[PDB]
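Values in this text are rule-based calculations from the coordinates and carry no lab data. Cβ atoms come from the backbone with ideal geometry, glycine included; neighbour counts cover every protein chain shown.
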Amino acid sequence: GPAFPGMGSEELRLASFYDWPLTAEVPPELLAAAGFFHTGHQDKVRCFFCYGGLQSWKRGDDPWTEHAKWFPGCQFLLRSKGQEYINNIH
Ligand SMILES: CN[C@@H](C)C(=O)N[C@H](C(=O)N1CCC[C@H]1c1nc(-c2cccc3ccccc23)cs1)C1CCCCC1
Ligand SMILES: [Zn+2]
């Protein structure tokens with residue numbers, strides 16, 4: 001199951017980005033959709049399912065792409081995007 005079941009709701013994840021410092025650069029909507037919640041410190045986020053953390057986001061970074069790049073074994077990623085998507089990023 002998920003590492004952090006309490007953040008399984010996309011809406012709750014989205015709410016966590018109220019203080020996100022990079023709204024124009026990396027949309028909270030896309031981050032939340034990709035399983036990420038905001039830790040509250042800087043631009044650090046974490047996936048609710050695999051608990052993978054990502055920081056130092058660059059403008060135009062795609063949350064789903066980054067999820068697959070760094071945490072290809074995440075089952076939420078797999079269920080959401082499929083194996084073909086993950087394979088093509090590598
Ligand atoms: C350019 N696009 C971004 C999204 C990206 O690729 N970030 C990578 C990343 O966050 N990584 C690479 C794998 C692990 C993770 C990291 N995670 C942390 C980290 C350390 C300590 C506490 C943390 C808390 C929350 C999230 C990440 C944390 C540091 S680096 C990495 C950042 C540093 C420079 C190389 C790339
Ligand atoms: Zn994940």
Among segment 17-43, those whose backbone N falls under 20 Å of a label point 7 Å along Cα→Cβ from residue 90 are 35
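How big is the dipole moment of the chain about its Cα centre under a simple scheme where the beta carbon of each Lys and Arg is +1, that of each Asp and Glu is -1, and everything else is neutral? Debye, nearest 20, please.
240
With runs of 4+ DSSP H residues as the only contributors, calculate the mean residue ellipticity of the chain at 222 nm using -39,500 (n - 2.57) per run, divided by the residue total and rounded to the nearest 500.
Values: 5 runs with 34 residues, N = 90.
Value at 222 nm, helices only: -9500 deg cm²/dmol.
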In whole Hz and in residue order, list the ³J(HN,Hα) couplings for segment 35-49 that follow from phi through the Karplus curve 6.51 cos²θ - 1.76 cosθ + 1.60, θ = phi - 60°; x for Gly and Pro.
x, 8, 10, 7, 6, x, 9, 6, 10, 7, 10, 9, 7, 5, 8
Any chance you could run the full-extension gain for residue 3 through residue 80? It's 0.36 nm times the residue separation minus the Cα-Cα distance, nm to one decimal.
26.1 nm
Given 35-45, 50-60, 69-79, the highest-first ranking by average Cβ count within 10 Å works out to 35-45, 69-79, 50-60
Selected from 83, 28, 41, residue furthest toward positive end of dipole (the chain; charges at beta carbon)
83
Nearest 0.05, what FRET efficiency do residue 18 and residue 61 give at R0 = 22 Å with Cβ-Cβ as r?
0.65
